[PDB]
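Here the structure is laid out as structure tokens; the discussion comes afterwards.
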Amino acid sequence: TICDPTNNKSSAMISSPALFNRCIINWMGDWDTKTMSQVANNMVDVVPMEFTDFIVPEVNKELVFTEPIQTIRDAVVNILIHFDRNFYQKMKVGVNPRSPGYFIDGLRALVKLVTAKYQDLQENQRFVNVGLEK
Amino acid sequence: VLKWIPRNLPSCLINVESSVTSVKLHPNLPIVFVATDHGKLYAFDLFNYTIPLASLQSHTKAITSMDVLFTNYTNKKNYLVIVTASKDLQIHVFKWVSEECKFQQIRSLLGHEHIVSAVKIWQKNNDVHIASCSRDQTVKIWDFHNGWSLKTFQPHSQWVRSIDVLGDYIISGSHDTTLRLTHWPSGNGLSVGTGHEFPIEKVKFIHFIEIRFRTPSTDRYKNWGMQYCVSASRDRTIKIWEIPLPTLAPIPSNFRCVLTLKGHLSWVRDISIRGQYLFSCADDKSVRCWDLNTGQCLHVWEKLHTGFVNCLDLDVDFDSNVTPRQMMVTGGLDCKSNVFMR
Amino acid sequence: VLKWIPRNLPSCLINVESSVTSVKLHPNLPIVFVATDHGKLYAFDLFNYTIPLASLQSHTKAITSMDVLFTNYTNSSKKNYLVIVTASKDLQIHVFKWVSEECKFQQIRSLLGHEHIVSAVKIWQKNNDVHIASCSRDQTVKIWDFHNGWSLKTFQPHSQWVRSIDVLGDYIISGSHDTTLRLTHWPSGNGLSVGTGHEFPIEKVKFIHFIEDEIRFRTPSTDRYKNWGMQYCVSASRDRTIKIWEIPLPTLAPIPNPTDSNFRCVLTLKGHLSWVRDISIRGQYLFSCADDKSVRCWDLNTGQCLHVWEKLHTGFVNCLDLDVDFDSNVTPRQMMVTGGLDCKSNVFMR
Amino acid sequence: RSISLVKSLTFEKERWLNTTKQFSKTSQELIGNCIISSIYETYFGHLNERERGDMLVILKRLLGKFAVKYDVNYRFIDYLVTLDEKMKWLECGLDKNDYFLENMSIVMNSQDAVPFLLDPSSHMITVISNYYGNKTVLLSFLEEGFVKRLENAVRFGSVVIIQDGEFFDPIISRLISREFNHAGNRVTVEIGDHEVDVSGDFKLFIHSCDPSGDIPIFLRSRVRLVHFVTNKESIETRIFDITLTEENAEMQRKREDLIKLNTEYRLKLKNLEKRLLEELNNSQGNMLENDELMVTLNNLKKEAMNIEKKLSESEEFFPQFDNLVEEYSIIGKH
Amino acid sequence: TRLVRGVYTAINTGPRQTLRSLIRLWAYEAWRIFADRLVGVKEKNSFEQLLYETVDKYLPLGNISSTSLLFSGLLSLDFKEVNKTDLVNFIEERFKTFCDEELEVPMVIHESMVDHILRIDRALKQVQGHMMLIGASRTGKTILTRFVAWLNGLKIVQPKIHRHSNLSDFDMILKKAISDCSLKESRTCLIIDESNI
Ligand SMILES: Nc1ncnc2c1ncn2[C@@H]1O[C@H](COP(=O)(O)OP(=O)(O)O)[C@@H](O)[C@H]1O
């Protein structure tokens with residue numbers, strides 16, 4: 001298992017004929033946009049996001065990594081993929097493999113945060129209603 | 001199996017925090033869902049019924065109605081959809097996950113400008129729809145999968161208190177004394193009727209099954225798919241109507257009352273038909289059973305609740321996907337749900 | 001009667017709220033007991049199955065195995081009752097009475113003592129003695145007294161953890177997460193023999209009981225084996241294989257035989273497309289199921305499939321149960337029950 | 001009784017009515033705020049102020065393009081950090097800078113990932129030790145006896161900080177990845193050469209005071225790296241505090257006392273309002289019917305008036321300190 | 001040579017073949033031999049176009065893209081194409097069992113994982129099969145490798161290389177693994193990470 005194929009030791013592991021001519025080289029690379037889209041579609045499936053009005057944005061096909069945007073979840077997935085791409089582009093990590101760690105961690109954190117804050121929203125509104133009624 | 005009447009006493013009593021506004025029986029499991037007047041939804045197991053299986057604060061005002069459908073997809077796993085409409089001008093659509101005993105929210109439907117009074121959910125092929133009506137006098141149709149409206153129409157001058165769905169038709173019962181049959185996918189009104197003295201609380205199709213009012217009397221009605229419906233209002237009276245046949249959208253023609261059932265001392269709050277028998281409840285703290293063939297009261301449950309009975313649940317007997325279990329549920333003001341098993 | 005094979009379709013379909021972990025038929029009444037993955041035990045009538053007769057949340061994690069015994073304690077003149085024994089991932093075994101006049105699960109007691117999930121539990125009765133044996137992921141096999149409610153015997157037959165046990169007389173045969181069976185004499189706790197030949201962990205092992213009739217693998221081959229009481233056993237593994245083994249004969253506590261310490265695989269059955277999850281022998285037929293949405297009826301005389309129930313479940317088939325044709329106290333009814341991953345069980349009758 | 005109480009509670013009626021009217025906007029902006037907060041915690045741990053500003057601009061642009069509303073006045077601290085957290089963190093020795101506070105909330109809300117703290121001044125060692133008070137173990141990757149002491153800390157549940165994080169030893173890899181064996185009723189971890197019970201109260205921090213060090217890929221990709229470094233405003237604040245304590249200590253003490261007392265007053269008044277709404281909520285009947293509830297709400301209003309009066313009176317002196325602060329901005333800048 | 005042997009195994013352990021299935025298998029093995037080493041997307045697209053052109057030139061079939069050819073021995077007895085949905089469901093169930101028995105890892109299953117698990121299984125079914133996984137961190141290399149080794153019943157060996165260790169310990173670890181492979185007939189998957197060098 002090699003993470004950085006440009007490192008000196010990893011380059012030796014790849015170019016050394018003792019290993020090259022015997023092992024099957026399987027280029028895992030990194031996640032593409034479609035894989036990120038599928039993972040996100042699984043992650044945010046349980047988040048109660050559809051509680052507001054949503055107007056389908058007008059965007060170009062090259063800006064959509066999912067099926068055509070219909071729901072808020074589609075927009076959230078596209079926003080997250082675009083932000084991760086822009087983060088790596090602007091941080092200028094060279095041609096390093098794009099580790100999906102940030103994307104995964106952000107997805108988990110977003111699920112947890114949205115759950116908690118939506119709960120707070122509903123409970124606060126209920127208490128306010130009861131007070132006014134009394 | 002259908003020729004079954006509950007006993008005088010419930011098998012199970014379930015207490016909740018406040019008044020019960022709606023109750024629905026899980027279509028395949030011994031689970032009862034209770035929607036109360038404080039915006040909460042409970043899931044109880046009938047054999048472990050003291051501590052609820054699930055307790056959800058879904059809305060911020062009272063729940064006015066709810067409906068349940070178990071999906072039948074032709075390709076994609078099936079699951080139970082629960083639709084809850086409240087005074088918050090919102091309809092929340094949830095998935096029941098029996099594996100975690102939790103209400104997983106799928107989405108919410110927005111668009112009505114006042115209190116939503118009724119909802120209905122049904123499926124065509126792999127398409128699932130949700131119809132509803134509210135105090136804004138509007139009846140709206142949403143696509144389940146898409147999450148936004150599909151159709152809108154207004155059948156009455158007064159606001160619609162309840163609706164029912166059969167085929168591609170809707171009878172809407174108004175806050176007025178009238179009831180109206182409209183063609184669902186066009187909004188074209190087809191028939192009108194009156195006869196009541198006060199606002200209609202319930203209205204629903206009578207489905208044909210293998211009985212006096214549950215078979216087509218002509219091949220025209222057999223081809224149409226429906227001939228009769230039933231409604232009840234605050235005039236203490238239950239009325240069974242013949243549905244006129246349009247120029248088969250269909251082109252228009254009045255409802256004709258074919259049988260009048262009386263006996264309640266107060267407002268009729270629920271209609272439910274199981275085989276040969278009509279079950280109903282009133283704001284006189286009683287549930288009652290009439291014979292559908294002769295139009296007589298067969299059995300009376302007096303003093304079933306110390307408050308006013310709000311809702312009944314009995315299984316569908318006109319669907320191949322529903323097992324007609326010998327189980328009936330009642331729920332009312334006094335923070336009680338009475339479940340009659342066998 | 002023993003020639004009966006189930007029809008191609010279930011006699012009835014029984015729905016539950018989640019995955020079925022085990023099923024057992026009530027030995028006398030038309031009642032089926034179903035244990036699921038959430039720690040719940042259910043009793044259903046087989047003629048009115050649309051509403052459960054009863055249910056009980058006993059454990060808190062998944063039930064891993066259930067065994068049932070109807071007592072026959074004639075000398076005391078006591079009321080005989082069905083004892084239902086369940087074991088779970090909660091490191092506990094629970095023992096219940098079935099109260100047929102109330103149709104409820106009345107808990108008799110609980111047995112503690114394991115350090116990990118229990119993978120099998122069995123209950124059997126001598127003239128007036130009832131014992132409960134279990135094996136678990138802690139690598140130990142423990143036998144408790146039913147009436148007294150505390151451990152009688154402990155032993156460690158495998159270096160890996162034990163997945164399935166069966167008991168015949170005073171012997172226990174145990175399959176493990178390792179690929180080797182072991183036969184041990186339980187009263188003294190002395191291992192006697194081992195059976196190697198599987199490639200993947202063992203899912204089930206069961207004795208093959210003699211039938212008073214002729215059947216290929218249900219009759220002794222010598223006077224020594226006849227007097228011993230056992231000739232063959234059957235096991236199934238995750239290598240898509242079911243093996244019929246010839247048991248070695250120790251010197252008759254029994255003495256391990258220095259030259260006959262190994263099992264001899266006499267027949268191998270292949271044809272399942274996945275892990276074999278259960279096995280059961282009725283008459284001349286071996287019924288089994290796999291993680292391939294299918295059940296198979298095998299002819300024990302030739303080692304071939306006779307009939308196959310394909311796509312019987314929409315998920316993995318987890319458990320089978322048939323009646324006992326080698327016990328005078330059990331009627332070999334025309335009944336089969338299958339239960340599986342899809343939150344369903346199928347009952348075949350008549 | 002009833003008329004007097006409702007007249008007194010008319011203020012809460014007005015505030016409650018405004019809150020429920022703003023409910024619609026509050027619900028509309030929730031998803032955008034959650035997205036911003038999650039991204040801010042996930043990505044901004046190792047960024048400076050300018051970089052965070054740029055990334056927030058990019059994220060707001062993406063939110064605009066894909067029709068997700070958000071609070072245009074969003075602030076990370078105001079959205080996620082509450083008064084109790086602020087007061088306890090400052091009491092433990094945290095700096096008053098906004099940057100340090102944001103990083104502090106980020107590192108404290110790292111529930112899933114082992115935090116890796118870069119602090120050239122080793123201030124956060126002191127802050128964390130004060131926060132947990134005791135049962136805090138300081139290990140190092142650069143010392144002998146590491147494995148055994150970490151094993152004991154795991155078994156008993158102490159809060160461990162491992163110093164010299166640039167010398168990370170992969171022997172504890174299973175802790176970084178949190179790859180535990182859920183052994184029935186126990187949770188264990190394989191470390192060193194054997195299996196060790198995880199008590200469940202055990203918490204791990206890795207710390208380095210060597211910026212631009214060397215974090216290997218395995219640890220770097222599996223930790224939440226947060227930088228705790230100084231900036232302009234921290235330097236200016238420290239310079240002014242030194243100037244004020246040297247020149248005029250009495251105003252220093254009065255300023256600190258006023259700030260602390262007003263913050264405590266604000267917390268008390270907030271919790272009192274919360275209690276008022278909860279008590280009115282759980283009435284078990286009409287307010288007139290429940291006389292004890294009427295008395296309770298009257299007493300709560302009296303307490304609220306006292307607290308607010310104290311804060312309002314104490315605040316009147318703070319502009320004097322504002323002018324005193326402006327006296328030394330010259331030294332600050334230079 | 002590898003391609004030849006690849007084709008052989010598929011025919012030898014497969015069901016009855018048709019010309020269409022034969023050509024599709026040939027394309028699948030072509031993907032495994034030549035294309036798995038390609039890095040960029042443009043190169044993969046070019047390889048797919050090359051397969052179409054080669055087939056039209058010599059073997060005049062349906063879609064033969066990289067993700068349209070899912071040959072597997074996991075879901076059946078022979079080596080044949082499988083339905084995507086069935087394989088996803090099977091992998092999810094087996095992965096839940098793997099989490100329960102070996103190690104809980106809450107990772108999401110997607111199509112790329114299914115492609116990678118199939119090729120890793122292919123590699124670990126070969127005689128003297130060895131493979132080298134190159135890609136970003138936290139993409140699922142090690143855990144997926146462990147899951148495949150668990151499916152095929154291999155003992156997983158991960159050398160405990162750490163600070164204050166040297167080639168003596170590494171030699172001892174390799175010697176133990178070698179001795180167990182030979183004298184104990186222990187089927188072994190030895191995982192060497194670049195960080196262990
Ligand atoms: N498909 C996925 N879904 C969710 N998380 C993943 C996925 N693939 C990898 N991960 C993350 O990466 C880690 C597992 O990958 P791993 O085999 O450890 O990669 P490596 O060991 O090569 O760095 C976990 O931390 C996990 O959360």
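Ordered as shown in the structure tokens, chains take letters A, B, and onward, while each chain numbers its residues from 1 and ligands are numbered from 1 in the order shown.
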Residues within 10 Å of ligand 1 (only C-alpha atoms and all ligand atoms), as an MDAnalysis selection string?
(chainID A and resid 1:3 28 30:31 35:36 38:40 42:43 99:105 107:108) or (chainID D and resid 113 176:179 217:219 221:222) or (chainID E and resid 105:113 133:147 193)
Could you go through region 43-248 of chain D and tell me which residues DSSP, when run on the backbone, assigns to strand (DSSP E or B), listing them as a ChimeraX atom specification?
/D:114-118,136-140,159-163,181,188-191,194-197,203-208,223-227
When DSSP works through the backbone of this structure, what residues of region 43-96 of chain E end up as helix (DSSP H, G or I), shown as a VMD selection string?
chain E and resid 43 to 58 84 to 96
Tell me, as an mmCIF file with C-alpha atoms, in the first residue's frame, which residues lie within 9 Å of residue 311 (chain D), counting only C-alpha atoms; anything in the same chain fewer than 3 positions away does not count.
data_model
loop_
_atom_site.group_PDB
_atom_site.id
_atom_site.type_symbol
_atom_site.label_atom_id
_atom_site.label_comp_id
_atom_site.auth_asym_id
_atom_site.auth_seq_id
_atom_site.Cartn_x
_atom_site.Cartn_y
_atom_site.Cartn_z
ATOM 1 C CA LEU D 261 -19.428 41.044 36.971
ATOM 2 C CA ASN D 262 -21.316 42.220 33.877
ATOM 3 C CA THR D 263 -20.709 38.912 32.110
ATOM 4 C CA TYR D 265 -25.000 39.294 35.275
ATOM 5 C CA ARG D 266 -25.762 38.592 31.611
ATOM 6 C CA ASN D 306 -32.471 43.356 40.151
ATOM 7 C CA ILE D 307 -29.943 41.687 37.826
ATOM 8 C CA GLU D 308 -30.613 44.035 34.913
ATOM 9 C CA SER D 314 -22.217 49.081 36.492
ATOM 10 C CA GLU D 315 -21.932 49.729 32.743
#
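Residues within 12 Å of residue 181 (chain E), counting only C-alpha atoms and excluding same-chain residues fewer than 5 positions away, are residues 154, 155, 156, 157, 174, 175, 176, 186, 187, 188, 189 and 190 of chain E.
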Once you count only C-alpha atoms, what closest atom pair and distance in Å to one decimal does each residue of chain A within 6 Å of chain B have, with rows by chain and rising residue number, as JSON lines?
{"residue": "A:48", "atom": "CA", "partner": "B:105", "partner_atom": "CA", "distance": 5.8}
{"residue": "A:50", "atom": "CA", "partner": "B:107", "partner_atom": "CA", "distance": 4.7}
{"residue": "A:51", "atom": "CA", "partner": "B:108", "partner_atom": "CA", "distance": 5.5}
{"residue": "A:126", "atom": "CA", "partner": "B:60", "partner_atom": "CA", "distance": 4.7}
Residues within 6 Å of residue 296 (chain C), only C-alpha atoms, excluding chain neighbours under 5 positions, as an mmCIF file with N, CA and C atoms, in the first residue's frame:
data_model
loop_
_atom_site.group_PDB
_atom_site.id
_atom_site.type_symbol
_atom_site.label_atom_id
_atom_site.label_comp_id
_atom_site.auth_asym_id
_atom_site.auth_seq_id
_atom_site.Cartn_x
_atom_site.Cartn_y
_atom_site.Cartn_z
ATOM 1 N N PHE C 287 -32.604 -31.641 4.932
ATOM 2 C CA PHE C 287 -33.056 -30.318 4.534
ATOM 3 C C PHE C 287 -32.059 -29.287 5.037
ATOM 4 N N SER C 288 -31.675 -28.360 4.164
ATOM 5 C CA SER C 288 -30.676 -27.362 4.521
ATOM 6 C C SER C 288 -30.994 -26.060 3.803
ATOM 7 N N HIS C 307 -34.922 -31.664 -4.348
ATOM 8 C CA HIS C 307 -35.807 -30.539 -4.618
ATOM 9 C C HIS C 307 -35.137 -29.271 -4.114
ATOM 10 N N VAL C 308 -35.475 -28.140 -4.728
ATOM 11 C CA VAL C 308 -34.878 -26.862 -4.364
ATOM 12 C C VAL C 308 -35.976 -25.809 -4.306
#
Residues of chain D within 6 Å of chain A, only C-alpha atoms counted, as a list in words
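Close to chain A, chain D has residues 16, 28, 34, 38, 39, 42, 62, 66, 67 and 281 of chain D.
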Could you write out the selected residues, including N, CA, C and O atoms, as a PDB file, in the first residue's frame?
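After the write, part_11.pdb holds the following:
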ATOM      1  N   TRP D  16     -41.571  37.165  22.887  1.00  0.00           N
ATOM      2  CA  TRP D  16     -41.986  35.864  22.379  1.00  0.00           C
ATOM      3  C   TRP D  16     -42.664  36.002  21.024  1.00  0.00           C
ATOM      4  O   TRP D  16     -42.430  35.194  20.115  1.00  0.00           O
ATOM      5  N   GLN D  28     -35.374  29.228   7.650  1.00  0.00           N
ATOM      6  CA  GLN D  28     -34.854  29.300   6.286  1.00  0.00           C
ATOM      7  C   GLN D  28     -33.330  29.253   6.264  1.00  0.00           C
ATOM      8  O   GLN D  28     -32.735  28.615   5.388  1.00  0.00           O
ATOM      9  N   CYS D  34     -25.456  25.782   9.156  1.00  0.00           N
ATOM     10  CA  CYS D  34     -24.850  24.496   9.488  1.00  0.00           C
ATOM     11  C   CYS D  34     -23.738  24.142   8.509  1.00  0.00           C
ATOM     12  O   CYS D  34     -22.692  23.622   8.913  1.00  0.00           O
ATOM     13  N   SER D  38     -19.923  23.565   9.735  1.00  0.00           N
ATOM     14  CA  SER D  38     -19.258  22.286   9.516  1.00  0.00           C
ATOM     15  C   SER D  38     -17.987  22.472   8.699  1.00  0.00           C
ATOM     16  O   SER D  38     -16.930  21.927   9.038  1.00  0.00           O
ATOM     17  N   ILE D  39     -18.073  23.254   7.622  1.00  0.00           N
ATOM     18  CA  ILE D  39     -16.893  23.534   6.812  1.00  0.00           C
ATOM     19  C   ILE D  39     -15.839  24.261   7.634  1.00  0.00           C
ATOM     20  O   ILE D  39     -14.639  23.987   7.514  1.00  0.00           O
ATOM     21  N   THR D  42     -14.125  21.829   9.846  1.00  0.00           N
ATOM     22  CA  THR D  42     -13.393  20.773   9.156  1.00  0.00           C
ATOM     23  C   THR D  42     -12.118  21.299   8.501  1.00  0.00           C
ATOM     24  O   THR D  42     -11.061  20.664   8.598  1.00  0.00           O
ATOM     25  N   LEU D  62     -20.646  29.945  -3.238  1.00  0.00           N
ATOM     26  CA  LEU D  62     -21.271  28.665  -3.568  1.00  0.00           C
ATOM     27  C   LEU D  62     -22.686  28.580  -3.008  1.00  0.00           C
ATOM     28  O   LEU D  62     -23.595  28.070  -3.674  1.00  0.00           O
ATOM     29  N   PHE D  66     -26.097  28.020  -5.496  1.00  0.00           N
ATOM     30  CA  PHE D  66     -26.965  26.864  -5.330  1.00  0.00           C
ATOM     31  C   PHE D  66     -28.139  27.135  -4.391  1.00  0.00           C
ATOM     32  O   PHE D  66     -28.679  26.196  -3.797  1.00  0.00           O
ATOM     33  N   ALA D  67     -28.550  28.397  -4.262  1.00  0.00           N
ATOM     34  CA  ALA D  67     -29.848  28.762  -3.687  1.00  0.00           C
ATOM     35  C   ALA D  67     -30.035  28.212  -2.275  1.00  0.00           C
ATOM     36  O   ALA D  67     -31.102  27.700  -1.929  1.00  0.00           O
ATOM     37  N   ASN D 281     -44.540  27.445  30.912  1.00  0.00           N
ATOM     38  CA  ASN D 281     -44.909  26.331  30.046  1.00  0.00           C
ATOM     39  C   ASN D 281     -45.567  25.208  30.839  1.00  0.00           C
ATOM     40  O   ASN D 281     -46.663  24.749  30.497  1.00  0.00           O
TER      41      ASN D 281
END
Show me, as a count of residues only, the residues that have an atom within 12 Å of residue 239 (chain D) when counting only C-alpha atoms, minus same-chain residues fewer than 3 positions from it.
18
